[PDB]
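The structure appears below as structure tokens.
Computed from the coordinates by the stated procedures, all read-outs in this text should not be read as laboratory data. All Cβ positions, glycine included, derive from the backbone under ideal geometry; neighbour counts span all protein chains shown.
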Amino acid sequence: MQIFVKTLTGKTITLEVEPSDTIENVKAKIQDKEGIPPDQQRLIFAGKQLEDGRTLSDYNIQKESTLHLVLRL
Amino acid sequence: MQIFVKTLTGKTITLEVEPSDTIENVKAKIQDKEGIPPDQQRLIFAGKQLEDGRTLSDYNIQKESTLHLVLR
Amino acid sequence: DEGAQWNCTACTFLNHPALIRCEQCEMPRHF
Ligand SMILES: [Zn+2]
């Protein structure tokens, strides 16, 4: 499936993912495309910050869901 | 019982419902009044998005509760 | 020390404190 990743500016990123991919897998995909290191990425879906180890379906993130990306220093 | 559905533009809509009505029943009722397809309706109550599985009583939605209609 | 979840003024949706606009309806956070 494909999902979207939206930053605070509204810039949207398109990822191709399996519902089985972990949040770490997804952060690495964001890192390749965007150059943000995973430890500086906060992903947020349905008002909750996601866990590195957990997977996309653990959060019932499905095809075309939009995750929000927020920085950290 | 009555409940209200407030849209993102201020419009408040009055519905006739039963506590045993499912979220999809509620969406179909909104379709019947406003012509919005259920597939485009998100219902928000008490900070939570309501899921097609449950009934109003599941969500402890009582007489004259206001739901919020988010179109997506 | 980031802040509590906040309820959107437009739809009540309970948001993560790091989001500046409502995740559901996109209304900017009300202060
Ligand atoms: Zn909202």
- Output the number of residues of the range C:1-26 satisfying the condition of being in a loop (DSSP other than H, G, I, E, B), within 8 Å of chain B (Cβ to nearest Cβ) and among the aliphatic types (A, V, I, L, M). 1
- The condition from (1) buried (at least 17 other Cβ atoms within 10 Å of the Cβ); (2) free of Cβ contacts under 8 Å to residues at least 24 places away in the same chain that A:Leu69 misses is numbered (2)
- Message: Residue pairs, Cβ under 7 Å, 6 or more apart or interchain, first in the range C:12-31 and on the phi > 0 side of the Ramachandran plot, second more than 8 Å from the ligand (Cβ to nearest atom) and small (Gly, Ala, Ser). List them.
- Response: C:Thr12/B:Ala46; C:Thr12/B:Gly47
- Looking only at chain C, and only at residues there that are of a type in the set (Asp, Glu) and either touching a helix residue (DSSP H, G or I) at 6+ places or on another chain (Cβ under 8 Å) or closer than 22 Å to B:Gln41 by Cα (or both), the one that is surrounded by the fewest Cβ atoms within 10 Å (Cβ to Cβ): C:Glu26
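Hey, any hits in the range A:46-58 for a residue that's out of contact with any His (no Cβ under 7 Å at 6 or more places or on another chain), within 13 Å of another protein chain (Cβ to nearest Cβ) and either surrounded by 15 or more Cβ atoms within 10 Å (Cβ to Cβ) or within 24 Å of C:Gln5 (Cα to Cα) (or both)? Explain how you work it out, then say what you get.
Restricting attention to the range A:46-58, the residues satisfying the condition of being out of contact with any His (no Cβ under 7 Å at 6 or more places or on another chain) are A:46, A:50-58.
Next, only the ones that are within 13 Å of another protein chain (Cβ to nearest Cβ) stay: A:46, A:50.
Within this subset, residues satisfying the condition of being either surrounded by 15 or more Cβ atoms within 10 Å (Cβ to Cβ) or within 24 Å of C:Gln5 (Cα to Cα) (or both) are A:46, A:50.
Yes, some residue in the range A:46-58 is out of contact with any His (no Cβ under 7 Å at 6 or more places or on another chain), within 13 Å of another protein chain (Cβ to nearest Cβ) and either surrounded by 15 or more Cβ atoms within 10 Å (Cβ to Cβ) or within 24 Å of C:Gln5 (Cα to Cα) (or both).
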- Query: On the given criteria, is B:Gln41 free of Cβ contacts under 8 Å to residues at least 12 places away in the same chain and not hydrophobic (A, V, I, L, M, F, W, C)?
  - Reply: no
